[PDB]
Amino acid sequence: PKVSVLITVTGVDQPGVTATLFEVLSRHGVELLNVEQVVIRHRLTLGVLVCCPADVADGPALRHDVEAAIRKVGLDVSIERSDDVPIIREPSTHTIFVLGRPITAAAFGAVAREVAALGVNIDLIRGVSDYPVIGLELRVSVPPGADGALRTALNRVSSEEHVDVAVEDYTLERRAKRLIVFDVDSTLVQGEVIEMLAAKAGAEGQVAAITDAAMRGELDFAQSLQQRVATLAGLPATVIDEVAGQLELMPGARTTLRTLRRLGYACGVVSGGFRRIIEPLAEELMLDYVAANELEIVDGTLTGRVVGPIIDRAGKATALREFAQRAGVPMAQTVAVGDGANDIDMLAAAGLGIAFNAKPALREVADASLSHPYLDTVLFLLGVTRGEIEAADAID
C-alpha cells in the first residue's frame, strides 16, 4: 500500500468500538502502522495510523464507511492523509514521582509549572498509589542538559510545597534495578539499636545526643561509634537478645521486602550496628547479604568496645560495591536506602540513592527523598503501583 492515513476516534467509551473500527477498515485495503488507545474516566481516544493503496485513501468510500460507523453510535472521528507524521512516538527521557499526604493542587501545579518552565514535555501522567500516600507519576521528555536544572527546581518545589518529588532517568539500563540495600537503624527498623542498648545501662540520653549529632554529619562516625558503644561497658551480653526481641520494623517494611522478592531483587543490609542483633533479624526476613560491626564480649559481658575494622561512611559504600560484585550487579542498577549522614557515601555509589526520613545532610546528596514514615513508598520510586502490590498479594 502507498499512502498514509490517520484515523482518530474520540468520545464516551462504549463496548465494541475497537473491533467495529478495524472490521470496517478491513473492507478497504488497510494495513496498520500504529494503534494507540486509552480510556480515561470513560473518555475514549483511539488513534490509528494506516497505509492503504493510493487507490483507496483518495476515496470517499473509506471515509464514508468509517464516519458512518463511528458517528452513528455517538462518537467523533477525524480522517487525514498524513505522510508527514511519526509512526511511533519516542520514549520518555525521565520519570517524575510526586508523593504526598495530601498532594495539594498548588503543589502539583508548582511541579507542572517548573517542568513547563524548562521546556520539558509531559508525555503521560498516572496515579501509582492511593495509599498509604497519594502518588502520581509523570513521564517526561527533558531537553538535553536541562536535567540538573529540573532536579534543582523540583527540589525547591518539594521543600516549599510539602511533597516528595523524585526525578529518575527512564532509560532501559538505568531502570533495570536488581539490587537494594537498606540501612537498618531508622530505615528498615524503628529507632536506634545503640540507644536501646544504652537504655539498659542508663545512658540513653547521652547516646541519643551523640547519635543525632553523628547522623546529622556533625561528628566523625567512627569516633561517635566508639564513644557510644563504650557506654555499654559492663552490661551482661544478654542485653543483645533483649534488644533483638524488642525490634519493630518500619511500617511497610514487610510489604517492601515481600514485593522486592517478587521482582527478583537481591536484598541486603549495611549497618554500623551489631551483627549479633542484625544477622538474626536478617535470617528471619530471608535477606541475601549483611554487613555489620561487631560487639566485643568477655565472659558474658560487653567490654564497651567494637571489634575492628569499623564500618564507617566509606565502609558502607564499600560493602555495597562488594555486595554488587558478588551479585553480578552493576552499580548503576543498584539501590540504597538510608537516613543518616552515615549513609552518604553508600547512597552516592548507588545507581539510585534514596533518603528515607533523613537528616538534611543525607537529603542533600540523595537522588530522591521520602518524607513519610512508610517504607513501602520506596516501591513507588521503583516503578511499582499500589494496585500491583495489592493484586500480587491477593493471588498469594
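Just count from 1 along the sequence shown to find any residue number.
In all of the other compared structures of this protein with flanking residues present, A237 is modelled, so it falls below the one-third mark for missing coordinates.
Compared with other entries of the same protein, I79 falls outside the group left without coordinates by a third of them; all model it where both flanks are modelled. Just going by the entry, 184-192 versus 233-241 on mean CA temperature factor gives the higher value to 233-241. The PDB entry records a higher mean C-alpha B factor for 386-394 than for its counterpart among 4-12 and 386-394. Considering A291, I103, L138, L150 together, the PDB entry gives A291 the largest C-alpha B factor. Within the selection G109, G127, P309, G119, the deposited Cα B-factor values reach their highest point at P309. Ranked against the other modelled residues of its chain, the C-alpha B-factor of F221 as given in the entry falls in the highest third. Looking at the C-alpha B-factors along this chain, the one for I88 belongs to the middle third. When the modelled residues of the chain are ordered by their C-alpha B factor, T259 lands in the middle third. Ranked by Cα temperature factor within the chain, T95 sits in the lowest third according to the deposited record. Sort the modelled residues of the chain by CA B factor and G328 lands in the highest third.
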